[PDB]
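Line by line, the protein sequences are chains B and A.
If you use the entry's author numbering, the first sequence corresponds to residues 33 to 99, in order.
If you use the entry's author numbering, the second sequence corresponds to residues 32 to 99, in order.
Note that the Cβ used here is the ideal one computed from N, Cα and C, for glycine as well.
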Amino acid sequence: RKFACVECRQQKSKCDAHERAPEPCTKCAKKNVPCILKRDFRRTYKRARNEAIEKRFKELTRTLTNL
Amino acid sequence: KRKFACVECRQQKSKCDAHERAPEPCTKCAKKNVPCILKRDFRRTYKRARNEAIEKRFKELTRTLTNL
DNA sequence: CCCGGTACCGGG
DNA sequence: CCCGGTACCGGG
Ligand SMILES: [Zn+2]
Ligand SMILES: [Zn+2]
Ligand SMILES: [Zn+2]
Ligand SMILES: [Zn+2]
């Protein structure tokens, strides 16, 4: 059907791009950011990803310091 | 604070207007001539699975008795 | 901004 | 009727 754009999918917000024609969806406009489409796109769980990077980062640093 | 859908509409993943329909059963439930019940804790039920499963446990029993 | 958690579309 | 699968609300 009428899928939601990348940003709106990431922010789990109501997207009206499919109605906004070539003009960026309201949301992406209210943020002055390219309203991109990609039926393939999947949301990124930020919070998690960060906790991971911090952990994987410390773990790395720590391991290196072991010399 | 969101408006939950009635049992039947949840079971059928159909648009439910139970709320904006006051005491009168949700549109969908009325047309099906069935009770429009509301239960927050209600979870749908996968029919096709249940059936396929029920047929196996039965057919397994059929082969055992037949294989004798 | 982010997301847990639903409502519901579209199609078989 | 049934559902796979995705849009979006409601809130911190
Ligand atoms: Zn959008
Ligand atoms: Zn957009
Ligand atoms: Zn209903
Ligand atoms: Zn109903």
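- Under the criterion of beta carbons closer than 8 Å, residue 60 (chain B) and residue 54 (chain B) do not qualify as touching, at roughly 12 Å.
- Relative to the non-hydrogen atoms of ligand 3, the Cβ of residue 70 (chain A) never comes closer than 6 Å to any of them.
- Going by beta carbons, residue 75 (chain A) and residue 41 (chain A) fall inside the 7 Å limit.
- With respect to the 7 Å criterion, residue 72 (chain A) and residue 58 (chain A) are not classified as neighbours on the basis of their beta carbons.
- In the three-state reduction of the DSSP assignment, residue 70 (chain B) falls in the coil class, being assigned neither a helical nor a strand state.
- Not one heavy atom of ligand 3 falls within 6 Å of the beta-carbon of residue 61 (chain A).
- When the beta-carbon positions are compared, residue 63 (chain A) and residue 38 (chain A) stay at least 7 Å from each other.
- The continuous stretches of alpha helix (DSSP H) do not include residue 76 (chain B), and DSSP gives it neither H nor E.
- The C-alpha of residue 43 (chain A) lies about 11 Å from the C-alpha of residue 78 (chain A).
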